[PDB]
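A short write-up of the structure that comes next.
Please treat every number below as a calculation from the coordinates, not as lab data. Using ideal geometry, Cβ is built from the backbone for each residue, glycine included, and neighbour counts are taken over all protein chains shown.
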Amino acid sequence: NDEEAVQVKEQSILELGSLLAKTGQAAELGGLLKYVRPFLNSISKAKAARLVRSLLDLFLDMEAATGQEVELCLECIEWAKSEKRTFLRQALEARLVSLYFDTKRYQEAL
């Protein structure tokens, strides 16, 4: 059925994203979350939010090009507010405040 195709497609997103995380890619892995934007609407918000948190954590743990990471997180919050996902943008801000915690920017974090 289609659910199996979505499952193998999601494990192919974790696979390709894992290979891009191994090859040290920043703009491609950062743009993959923007490329999978229409694909997340075909399934529930639980797996979509869990995938955004997964690729977000695995994308921030690489510690590469931290300048576009905060702006990309702001685009993910803007997109989550555009699609009216409260918990998604709440998790995105819950990780972004940790990004400001690592950046030692205590004004907008608090």
Can you list, largest first and rounded to whole Å, the semi-axes you get for region 1-64 by taking the square root of 5 times each eigenvalue of its Cα gyration tensor?
21, 12, 10
Value of relative contact order over the chain, rounded to a whole percent, pairs C-alpha under 8 Å and six or more apart:
20
One can check that the equivalent ellipsoid of the chain, built from the alpha-carbon gyration tensor with semi-axes equal to the square roots of five times its eigenvalues, has lengths in Å, largest first, of 24, 18, 10
Using DSSP H assignments, which helices in the chain have an axial alpha-carbon span of 18 Å or above and a mean Kyte-Doolittle hydropathy of -0.5 or higher?
2-22, 45-60, 66-82, 86-103
For the pair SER54 and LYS84, the simple spin-label estimate (label points 7 Å beyond Cα toward Cβ) gives in nm 2.7
Tell me what the chain gives for mean residue ellipticity at 222 nm when only DSSP H runs of n ≥ 4 count, each as -39,500 (n - 2.57), the sum divided by the residue total, rounded to 500 deg cm²/dmol.
-25500 deg cm²/dmol
Cβ-placed point charges (K, R +1; D, E -1), dipole of the chain about Cα centre in debye, nearest 20:
340
What is the count of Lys pairs in the chain whose alpha carbons sit under 22 Å apart, if the two are 8 or more places apart or on different chains?
13
